[PDB]
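Below sits a lone chain in structure tokens, taken as the form solved without this ligand.
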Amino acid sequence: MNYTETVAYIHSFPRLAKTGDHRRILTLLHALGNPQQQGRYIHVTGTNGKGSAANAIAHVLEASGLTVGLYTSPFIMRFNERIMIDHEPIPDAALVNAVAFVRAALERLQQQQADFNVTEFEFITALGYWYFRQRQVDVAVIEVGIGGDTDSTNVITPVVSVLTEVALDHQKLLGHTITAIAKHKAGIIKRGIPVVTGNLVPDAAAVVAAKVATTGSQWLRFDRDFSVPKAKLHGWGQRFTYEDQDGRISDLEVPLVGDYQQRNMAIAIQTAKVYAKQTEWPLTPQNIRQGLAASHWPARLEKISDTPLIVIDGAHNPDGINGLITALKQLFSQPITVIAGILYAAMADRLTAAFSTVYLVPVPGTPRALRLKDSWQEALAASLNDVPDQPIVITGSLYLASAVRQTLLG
């Protein structure tokens, strides 16, 4: 197979579910020489912030001299972006070989257990683990798919476990209450392994407290064991100070906007410091400083153009966009054009009652359900036609942001 067939092949996998066990992937991993049992890992989960934290954790560790594997989702530009080593997406040719290797293994198994099969995420998660072992990375930062406990990736013993925050966003798969949802995410906490969390709301904090008392794990929470005393905007990013038991690392700079990102970075820093100590590996404030100065989070309030000035964002929910109206408020004093692809009229009121011109377009790769334009392109062309010097901000969905980026940069 060529790249195309290979990727098409991965997405062909059947829709299976309900499996409190990991027997399926474990069966597969076994045939792959159990790579998940070798090497080092950092397990990251959270409702909002997991992707950001993990990306910041990797950069810091890379800047210190380690070869770091990264498994995240979703992909912005290409699929290869799901598996990166030192922030380099897996080469197409390398993906063709891995897929083929995991396929022969799969096929051998179906010759013994005729009806044996796996899901898409399980196949991808298995390939990533194998790949990371093949390339022999020092550590792999693993991002949980959803929840934790029964997640396809939760089949490792990490060096550290990260839990950014618990929210009712995935309330349809995890549970109906904070408590229920927290029980899942706590599932990635292992005996004796330290856990780093943000400042969880009371219901979730009780779940972790009780969980750790059981695994005897050291628990470092944001605003208790470490924090961000000072923080503010500095150009298209923020300048802030990190503080924990060891002290202060003042005036750090990240090219990230959004005051909530402060907690994600603090979590990344603290987490990285826990990994260094646990593996007696040296990590300096210089390593951290340079690692963050490079923590670019593509498609997340990213200025992809200067002239004309264009910005792409993945904001989604009401609260998800509520940190935006306030984020755009701080960065801009002049009139701007917002192009939103929301899915509903509930958010539309927050954007319309916030900026002068605001266009509502459809989100690509989504059916049309029952200020308007037929596509972001039409909305983009009209704006640049009427008021050329007016900055344009595109937001509403991670897929829309992803589509514009692939077009304007790709």
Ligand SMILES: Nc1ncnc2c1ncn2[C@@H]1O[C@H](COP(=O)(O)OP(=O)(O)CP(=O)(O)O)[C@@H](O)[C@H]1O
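Numbering starts at 1 and runs along the sequence shown.
K.L.:
Counting only residues of the deposited sequence, how many between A348 and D349 have no atoms in the entry (none, 1 to 3, 4 to 9, 10 or more)?
P.N.:
In the record, the chain runs straight from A348 to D349 with none unmodelled.
K.L.:
Taking the recorded C-alpha temperature factors, which stretch has the higher mean, 8-16 or 21-29?
P.N.:
So the stretch with the higher mean C-alpha B-factor is 8-16.
K.L.:
Comparing 152-160 with 169-177, which has the greater mean CA B-factor as deposited?
P.N.:
According to the PDB entry, the answer is 169-177.
K.L.:
Per the coordinate record, which of the options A58, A381, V44, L372 holds the highest CA temperature factor?
P.N.:
The record points to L372.
K.L.:
For the listed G320, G187, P229, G128, which has the peak Cα B-factor recorded in the PDB entry?
P.N.:
When the deposited C-alpha B-factors of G320, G187, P229, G128 are compared, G320 is largest.
K.L.:
With respect to C-alpha B-factor, does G39 fall in the lowest, middle or highest third of the chain as deposited?
P.N.:
Ranked within chain, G39 CA B lands in the lowest tercile.
K.L.:
Splitting the chain's C-alpha B-factors into thirds, which one does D115 fall into?
P.N.:
Its C-alpha B-factor, which the entry lists for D115, ranks in the highest third among residues of this chain.
K.L.:
Among all modelled residues of this chain, ranked by Cα B factor, put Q238 in the bottom, middle or top third, i.e. lowest, middle or highest.
P.N.:
Ranked within chain, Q238 CA B lands in the middle tercile.
K.L.:
Could you tell me which third, lowest, middle or highest, the C-alpha B-factor of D313 occupies within its chain?
P.N.:
For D313, the deposited C-alpha B-factor lands in the highest third.
K.L.:
Rank-wise, by C-alpha B-factor, drop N199 into the lowest, middle or highest third of its chain.
P.N.:
Ranked within chain, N199 CA B lands in the middle tercile.
Same protein, other form: the form deposited with this ligand bound, not shown, and the subject of what follows.
K.L.:
Find out whether any non-hydrogen atom of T357 is located within 4.5 angstroms of this ligand in the deposited complex, and reply yes or no.
P.N.:
Taking the distances in the deposited complex, the answer for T357 is no, it never comes within 4.5 Å of this ligand.
K.L.:
In the deposited complex, does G187 come within 4.5 Å of this ligand, counting heavy atoms only?
P.N.:
Looking in the deposited complex, residue contacts with this ligand do not include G187, since no heavy atom lies within 4.5 Å.
K.L.:
Is there a heavy atom of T47 no more than 4.5 Å from a heavy atom of this ligand in the deposited complex?
P.N.:
Result yes; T47 sits at the interface with this ligand in the deposited complex.
K.L.:
Quick one: does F101 come within 4.5 Å of this ligand in the deposited complex, counting heavy atoms only?
P.N.:
Looking in the deposited complex, residue contacts with this ligand do not include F101, since no heavy atom lies within 4.5 Å.
K.L.:
Quick check on this chain: which one of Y260, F332, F116, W236 has a heavy atom within 4.5 Å of this ligand in the deposited complex?
P.N.:
The residue from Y260, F332, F116, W236 that makes the contact is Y260.
K.L.:
Pick from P255, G175, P89, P298: which residue has any heavy atom within 4.5 angstroms of this ligand in the deposited complex?
P.N.:
Looking at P255, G175, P89, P298 one by one, just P298 meets the 4.5 Å heavy-atom criterion.
K.L.:
With the partner absent here, would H59, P282 and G291 each sit within 4.5 Å of this ligand in the deposited complex, counting heavy atoms only?
P.N.:
Per the other structure, none of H59, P282 and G291 touch this ligand.
K.L.:
Of these, 246-254, 216-224, 272-280, 306-314, which stretch puts a heavy atom within 4.5 angstroms of this ligand in the deposited complex?
P.N.:
Only one stretch qualifies here: 306-314.
K.L.:
Of 378-410, which residues get within 4.5 Å of this ligand in the deposited complex if you count heavy atoms?
P.N.:
The one in contact is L398.
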